[PDB]
Amino acid sequence: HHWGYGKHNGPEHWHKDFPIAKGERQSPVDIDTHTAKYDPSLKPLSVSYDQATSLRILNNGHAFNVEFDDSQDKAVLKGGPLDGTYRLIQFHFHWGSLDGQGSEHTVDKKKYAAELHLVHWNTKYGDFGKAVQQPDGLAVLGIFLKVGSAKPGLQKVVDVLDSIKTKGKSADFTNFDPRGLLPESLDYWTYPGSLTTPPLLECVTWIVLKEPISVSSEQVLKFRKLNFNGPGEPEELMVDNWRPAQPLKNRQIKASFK
Ligand SMILES: [Zn+2]
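Reading the sequence shown from the start, the letters are residues 3 to 125, 127 to 261 in the entry's author numbering.
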């Protein structure tokens, strides 16, 4: 009876195994755009993905992760609210059972169809495992997905999902360029938060882009064909793998833009 997104093991249950679920800097949150304060001391985001090396795509039973070689400074996030350099280790998505829900962060209570998380760790802590134990260990770039025109740079991901239907299944996934998943603008909101899955560690600087990307209905429909379950188990569709907004408590969301 391990955590998930079902009736009996979903987000409202997680605190029993992970008491930090009720902590002081939990994610996601609702972004109240009118209360977010423009911070002119914030710097432009620096996304340097030209040398990114993807390796694998994995169904881990709660999402699929596109994994990168993070043994060198190849794909890095810096600037913005960040001090130092953060290395890309994986990205994944959260999505809904239909287009009206799926995102984790909300914007003035608006839910998007899905949300992309590009996960980076602070190089001053040596690796990901040590980074998640630090309050400034991770930087996660969050990008909203709405349904409309297709995202061409997403299609290579969509087309491999048939090969990782069930949890624990992986597939080779080299030469994928995550620049193809970015919107035009890098305007963002930022706040201190947590992992949105157990262990829910409070180690993340969140950077949420204001501009969503558009993906096609066909593209998100293929996300929804994945399975939470393992091979030869009863089929449960991997849908609604999002945590709802958590209390903001003593935090301020800052905007990079007016
Ligand atoms: Zn996530």
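The C-beta atom is built at its ideal place from N, Cα and C for all residues, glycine as well.
About 6 Å separates the Cβ atoms of residue 229 and residue 168, confirming a contact at the 8 Å cut-off. Put simply, of 121, 203, 238 the residue whose alpha carbon is nearest the alpha carbon of residue 19 is 203. Comparing alpha-carbon positions, the option among 128, 256, 252, 15 lying closest to residue 25 turns out to be 252. In the three-state DSSP reduction, residue 160 falls in the helix class (H, G or I). What you get when you keep residues with a C-beta closer than 6 Å to any heavy atom of ligand 1 is 94, 96, 119, 199. For residue 231 against residue 221, the beta-carbon gap comes to about 22 Å, at or over 8 Å, which does not count as contact. Just so you know, the alpha carbons of residue 114 and residue 31 end up roughly 13 Å apart. In this structure, the straight-line span from the alpha carbon of residue 147 to that of residue 44 is close to 21 Å.
In this chain, residue 179 is not harboured by any alpha helix (DSSP H), its DSSP state being neither H nor E. As computed with DSSP, residue 119 is found in a beta bridge with 94, 145. In the assembly as shown, residue 224 is an exposed residue. Its beta-carbon has fewer than 16 other beta-carbons within 10 Å. Between residue 121 and the set 137, 241, 209, 64, the nearest pair of CA atoms involves 209. DSSP places residue 22 within a helical segment (H, G or I) once states are collapsed to three. Here residue 136 is exposed. Its C-beta has fewer than 16 other C-beta atoms within 10 Å. The beta carbons of residue 56 and residue 177 sit closer together than 7 Å.
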